[PDB]
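Reviewing the structure listed below.
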Amino acid sequence: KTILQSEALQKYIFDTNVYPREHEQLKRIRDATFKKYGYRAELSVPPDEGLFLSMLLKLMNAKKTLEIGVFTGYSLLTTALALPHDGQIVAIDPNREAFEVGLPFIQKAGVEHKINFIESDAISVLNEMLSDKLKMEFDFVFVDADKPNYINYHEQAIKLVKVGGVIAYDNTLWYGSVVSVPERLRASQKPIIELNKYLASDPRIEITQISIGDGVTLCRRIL
Amino acid sequence: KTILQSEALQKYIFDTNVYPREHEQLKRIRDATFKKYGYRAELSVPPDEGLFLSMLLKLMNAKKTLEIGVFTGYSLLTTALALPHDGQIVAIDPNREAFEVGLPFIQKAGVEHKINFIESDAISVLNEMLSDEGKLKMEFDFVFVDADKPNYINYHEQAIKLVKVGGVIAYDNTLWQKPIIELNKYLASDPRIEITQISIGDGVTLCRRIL
Ligand SMILES: Nc1ncnc2c1ncn2[C@@H]1O[C@H](CSCC[C@H](N)C(=O)O)[C@@H](O)[C@H]1O
Ligand SMILES: Nc1ncnc2c1ncn2[C@@H]1O[C@H](CSCC[C@H](N)C(=O)O)[C@@H](O)[C@H]1O
Ligand SMILES: [Mg+2]
């Protein structure tokens, strides 16, 4: 899986610059995820994107983060390992079963204490955060869930992220189809095109769309 | 050029997510670069990589940077615009004529005061910095290496002493040929850095100094 010019080039990146520095428990998540899910393992953040997100989190000095869409936990464990010892993550996914595929390796990595996993749909949780008593504020928000709700998440996340914080959207080049379409991915083409147009014109954010993985768009909140 | 599956996909990134947000003086650098250097305009850091570097510098809170390889100044102006008002950039290139193509637009953007442009080969400039004991602890937050590929490993061993612990050295063109193959192996096995290779532009490898 790649949006690059060649699968060989994608493998060069993995072999040269990811797998030799990949945490062993991240490898364990990858192996377990393919064994259970087959091609659906491609739902995971790819390992080169993971390593990038890790250094991004370190460079921003992020400590409080929100993850919408957990699956078996590759990006969640990536995030927990990058954060300092007192980092805290709110991680939302209706599929607790997938989460428990990765949880033994999260536990082995010693970072379970950083994670608040919420088995729920994200819309209601983020609406409760906005409606809750306390001040929810995040350094970083990773949106990697159900694409038809991405614009809805944006309007929630732009209230919950700090000014100067980052909201990151995954899959924003969607197999190249934003410019094309593989028939089974057609349903998600429109919502990603819609999200791309929405972020492109948003004055409250600075953006960079990065041709890593299946496309990552970073949104730095400035208003 | 693009390392993506299709040129249409690359152009989509530019049209949708770069040009509507691109500083007008960066556009003017792009146009003047084609007018003077033609298809060597391709040597410039591409617009999507520009916004990426800009976002990196803002998130890092970078203030002092070093640029090796300037050409007509697209990445240099990108950097100057991302830095705070009191930011400083040291920019090294033997081609002063190319720099002076972009200079009017750097000046119109109001950021010329941030820039110390040095007309030289970078190896000797950096060796002089390493010799300058008195300013050795005046370190850079960010180093961008975008020059002559056969010297990249040499620049690494200089830059790793010039950048702060926790700062970043960024190598351009790491998905290029031999000096890049060698560089990629060298950084992969360097215990003094953490790395991430990003498939943007011609390939960018970020090196965060940890020792
Ligand atoms: N309404 C919703 N709210 C939150 N998550 C949802 C959701 N609907 C679907 N999802 C979840 O979105 C996930 C997308 S895959 C997430 C991949 C993950 N970031 C990783 O690196 O492994 C799926 O696990 C799915 O269960
Ligand atoms: N020994 C050397 N030291 C510093 N720069 C060098 C060099 N040898 C070649 N170069 C320069 O490296 C540059 C590469 S093109 C640089 C692109 C620039 N960052 C931009 O965005 O426009 C050329 O301008 C060339 O003059
Ligand atoms: Mg993903």
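We name chains A, B, ... following the order of the structure tokens; residues begin at 1 in each chain, and ligands are numbered from 1 as shown.
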So that I can check the surroundings of residue 4 (chain A), please list as a PDB file with N, CA, C and O atoms, in the first residue's frame every protein, DNA and RNA residue that reaches within 9 Å of it, counting only C-alpha atoms and ignoring chain neighbours fewer than 5 positions away.
```
ATOM      1  N   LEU A   9       9.841   1.928  -3.778  1.00  0.00           N
ATOM      2  CA  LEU A   9      10.304   3.114  -3.067  1.00  0.00           C
ATOM      3  C   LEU A   9       9.713   3.168  -1.665  1.00  0.00           C
ATOM      4  O   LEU A   9      10.405   3.513  -0.699  1.00  0.00           O
ATOM      5  N   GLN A  10       8.436   2.808  -1.535  1.00  0.00           N
ATOM      6  CA  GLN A  10       7.811   2.747  -0.219  1.00  0.00           C
ATOM      7  C   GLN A  10       8.510   1.731   0.676  1.00  0.00           C
ATOM      8  O   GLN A  10       8.760   1.993   1.859  1.00  0.00           O
ATOM      9  N   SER A 211       2.423  14.396   1.607  1.00  0.00           N
ATOM     10  CA  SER A 211       2.243  13.179   0.821  1.00  0.00           C
ATOM     11  C   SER A 211       2.936  11.993   1.482  1.00  0.00           C
ATOM     12  O   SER A 211       3.730  11.291   0.849  1.00  0.00           O
ATOM     13  N   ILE A 212       2.639  11.763   2.753  1.00  0.00           N
ATOM     14  CA  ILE A 212       3.141  10.606   3.479  1.00  0.00           C
ATOM     15  C   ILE A 212       1.955   9.705   3.782  1.00  0.00           C
ATOM     16  O   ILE A 212       0.831  10.177   3.987  1.00  0.00           O
ATOM     17  N   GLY A 213       2.204   8.398   3.811  1.00  0.00           N
ATOM     18  CA  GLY A 213       1.102   7.475   4.061  1.00  0.00           C
ATOM     19  C   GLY A 213       0.065   7.598   2.963  1.00  0.00           C
ATOM     20  O   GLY A 213       0.389   7.583   1.770  1.00  0.00           O
TER      21      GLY A 213
ATOM     22  N   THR B   2       7.696  14.719  -9.380  1.00  0.00           N
ATOM     23  CA  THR B   2       6.999  14.267  -8.185  1.00  0.00           C
ATOM     24  C   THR B   2       7.426  12.828  -7.940  1.00  0.00           C
ATOM     25  O   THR B   2       7.759  12.105  -8.882  1.00  0.00           O
ATOM     26  N   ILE B   3       7.460  12.430  -6.670  1.00  0.00           N
ATOM     27  CA  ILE B   3       7.644  11.025  -6.338  1.00  0.00           C
ATOM     28  C   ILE B   3       6.306  10.350  -6.071  1.00  0.00           C
ATOM     29  O   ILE B   3       6.263   9.181  -5.677  1.00  0.00           O
ATOM     30  N   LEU B   4       5.210  11.052  -6.326  1.00  0.00           N
ATOM     31  CA  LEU B   4       3.880  10.501  -6.156  1.00  0.00           C
ATOM     32  C   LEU B   4       3.478   9.691  -7.384  1.00  0.00           C
ATOM     33  O   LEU B   4       4.126   9.732  -8.438  1.00  0.00           O
ATOM     34  N   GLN B   5       2.375   8.954  -7.230  1.00  0.00           N
ATOM     35  CA  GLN B   5       1.924   8.047  -8.280  1.00  0.00           C
ATOM     36  C   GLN B   5       1.548   8.793  -9.552  1.00  0.00           C
ATOM     37  O   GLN B   5       1.685   8.242 -10.649  1.00  0.00           O
ATOM     38  N   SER B   6       1.078  10.036  -9.438  1.00  0.00           N
ATOM     39  CA  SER B   6       0.640  10.776 -10.613  1.00  0.00           C
ATOM     40  C   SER B   6       0.918  12.264 -10.448  1.00  0.00           C
ATOM     41  O   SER B   6       0.804  12.811  -9.347  1.00  0.00           O
ATOM     42  N   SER B 199       8.134  11.253   2.651  1.00  0.00           N
ATOM     43  CA  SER B 199       8.016  11.165   1.195  1.00  0.00           C
ATOM     44  C   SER B 199       7.300  12.395   0.626  1.00  0.00           C
ATOM     45  O   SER B 199       6.265  12.302  -0.027  1.00  0.00           O
TER      46      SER B 199
END
```
Q) Within 8 Å of ligand 1, counting only C-alpha atoms and all ligand atoms: which residues, as a VMD selection string? A) chain A and resid 41 43 to 46 67 to 76 92 to 95 98 to 99 120 to 123 142 to 146 149
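With distances taken over only C-alpha atoms, A:194 is the one residue among A:31, A:100, A:183, A:194 lying closest to chain B.
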Q) Quick one: DSSP helix (DSSP H, G or I) residues in region 35-88 of chain A, as number ranges by chain? A) A: 35-43, 47-60, 74-82
Q: Starting from chain A, keep only residues with some atom at most 6 Å from an atom of chain B, counting only C-alpha atoms, and report them as a PyMOL selection string.
A: chain A and resi 3-5+17+51-52+59-60+179+200+208+211-212
Give me the residues of chain B that have any atom at most 7 Å from an atom of ligand 2; for each, the nearest atom pair and the distance in Å, rounded to one decimal. Use only C-alpha atoms and all ligand atoms, sort by chain and number, and format it as JSON lines.
```
{"residue": "B:43", "atom": "CA", "partner": "ligand 2", "partner_atom_place_in_ligand_line": "15 (S)", "distance": 4.9}
{"residue": "B:44", "atom": "CA", "partner": "ligand 2", "partner_atom_place_in_ligand_line": "22 (O)", "distance": 3.6}
{"residue": "B:45", "atom": "CA", "partner": "ligand 2", "partner_atom_place_in_ligand_line": "21 (O)", "distance": 3.9}
{"residue": "B:68", "atom": "CA", "partner": "ligand 2", "partner_atom_place_in_ligand_line": "4 (C)", "distance": 5.3}
{"residue": "B:69", "atom": "CA", "partner": "ligand 2", "partner_atom_place_in_ligand_line": "12 (O)", "distance": 3.7}
{"residue": "B:70", "atom": "CA", "partner": "ligand 2", "partner_atom_place_in_ligand_line": "18 (C)", "distance": 4.2}
{"residue": "B:71", "atom": "CA", "partner": "ligand 2", "partner_atom_place_in_ligand_line": "24 (O)", "distance": 3.3}
{"residue": "B:72", "atom": "CA", "partner": "ligand 2", "partner_atom_place_in_ligand_line": "22 (O)", "distance": 5.0}
{"residue": "B:73", "atom": "CA", "partner": "ligand 2", "partner_atom_place_in_ligand_line": "22 (O)", "distance": 4.5}
{"residue": "B:74", "atom": "CA", "partner": "ligand 2", "partner_atom_place_in_ligand_line": "21 (O)", "distance": 4.1}
{"residue": "B:75", "atom": "CA", "partner": "ligand 2", "partner_atom_place_in_ligand_line": "21 (O)", "distance": 3.9}
{"residue": "B:76", "atom": "CA", "partner": "ligand 2", "partner_atom_place_in_ligand_line": "21 (O)", "distance": 6.4}
{"residue": "B:92", "atom": "CA", "partner": "ligand 2", "partner_atom_place_in_ligand_line": "4 (C)", "distance": 5.5}
{"residue": "B:93", "atom": "CA", "partner": "ligand 2", "partner_atom_place_in_ligand_line": "5 (N)", "distance": 4.0}
{"residue": "B:94", "atom": "CA", "partner": "ligand 2", "partner_atom_place_in_ligand_line": "26 (O)", "distance": 5.5}
{"residue": "B:95", "atom": "CA", "partner": "ligand 2", "partner_atom_place_in_ligand_line": "26 (O)", "distance": 4.9}
{"residue": "B:98", "atom": "CA", "partner": "ligand 2", "partner_atom_place_in_ligand_line": "24 (O)", "distance": 6.9}
{"residue": "B:120", "atom": "CA", "partner": "ligand 2", "partner_atom_place_in_ligand_line": "3 (N)", "distance": 6.4}
{"residue": "B:121", "atom": "CA", "partner": "ligand 2", "partner_atom_place_in_ligand_line": "3 (N)", "distance": 3.7}
{"residue": "B:122", "atom": "CA", "partner": "ligand 2", "partner_atom_place_in_ligand_line": "3 (N)", "distance": 3.9}
{"residue": "B:123", "atom": "CA", "partner": "ligand 2", "partner_atom_place_in_ligand_line": "3 (N)", "distance": 6.5}
{"residue": "B:146", "atom": "CA", "partner": "ligand 2", "partner_atom_place_in_ligand_line": "16 (C)", "distance": 5.2}
{"residue": "B:147", "atom": "CA", "partner": "ligand 2", "partner_atom_place_in_ligand_line": "12 (O)", "distance": 3.4}
{"residue": "B:148", "atom": "CA", "partner": "ligand 2", "partner_atom_place_in_ligand_line": "8 (N)", "distance": 4.6}
```
**Q.** Secondary structure check, strand (DSSP E or B) residues of region 27-194 of chain A, as a VMD selection string
**A.** chain A and resid 64 to 68 88 to 92 115 to 118 138 to 143 161 to 170
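For the set A:220, A:27, A:147, A:108, the residue with the smallest atom-to-atom gap to ligand 3 is A:147, counting only C-alpha atoms and all ligand atoms.
Those residues that approach residue 28 (chain A) to within 12 Å, counting only C-alpha atoms, are residues 19, 22, 23, 24, 25, 31, 32, 33, 34, 35, 72, 73, 74, 77, 101, 102, 103, 104, 105, 106, 107, 108 and 109 of chain A; same-chain residues fewer than 3 positions away are not listed.
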